[PDB]
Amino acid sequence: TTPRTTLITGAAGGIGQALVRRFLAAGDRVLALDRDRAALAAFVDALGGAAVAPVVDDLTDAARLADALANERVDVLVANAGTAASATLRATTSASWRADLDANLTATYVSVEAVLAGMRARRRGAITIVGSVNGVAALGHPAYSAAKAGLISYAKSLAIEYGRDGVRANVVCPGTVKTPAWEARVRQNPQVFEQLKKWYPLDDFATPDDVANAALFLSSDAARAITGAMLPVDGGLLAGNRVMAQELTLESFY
């Protein structure tokens, strides 16, 4: 008789806002978590009085977060916080390597640990991690990629250990999605997006809404038998390489 409660991290970012809007549309109470207080408050204002409550937290302390959530009973975690730092190993430092691991892998561990006890107590929980195709194939951003590969491992570890408690854990792996994370690259090469279309079999990129739709599905009773899964939402990117296939077959693929 009360709304399902969903905690969504990185809520003020491009995919995060789409996640919040989609789960709100599905009838959830959404706890929108972001480290950026001003950006989060503005998004909450824009939502117009929805069933949303902001949480300002940087995902470095699970016990602090759990205490902040003491009046809530979180049924679903969408673990979406985490951005890439260095784009190549050449550009990577030990510090930026460690920082990408903390922000993209350990932040998710912290998010899970803040809500997992209640899920297990109620024998009901869905953990839906937003990963990346970079966690599966070498495409750049190497510390980020290693962290996102670790998230796939972590989802599977969660799945086998807590499935007996009715908790499911899955990873959605987006390809290129148009978010503010691309602003610097678009300013450097304004044709980056059109040059990228050739790699994608669907000749277009997933949108933030497309990612949110997959997260909603995996978080729902329509996926109650799905756990430990990696679902790419990537316009077909991980299936292969249609640009190389065209060169290999001398037939038109794109």
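Start at 1 and count along the sequence shown; that's the residue number.
Stretches 68-76 and 136-144 differ in mean CA B factor, with 68-76 having the higher one. 87-95 and 149-157 differ in mean CA B-factor, and the higher of the two is recorded for 87-95. In this structure the maximum Cα B-factor among 202, 38, 31, 226 is found at 38.
Residues shown: 53, 26, 186, 214. Highest C-alpha temperature factor in the entry: 186. In this PDB entry, residue 131 carries a Cα temperature factor that places it within the lowest third of its chain's modelled residues. In the PDB entry, residue 112 places in the middle third of its chain by CA B-factor. When the modelled residues of the chain are ordered by C-alpha B-factor, residue 173 sits in the lowest third. In this PDB entry, the Cα temperature factor of residue 14 sits in the top third of its chain's modelled residues, the highest group. Annotation for residue 119: C-alpha temperature factor in the middle third relative to the rest of the modelled chain, per the entry.
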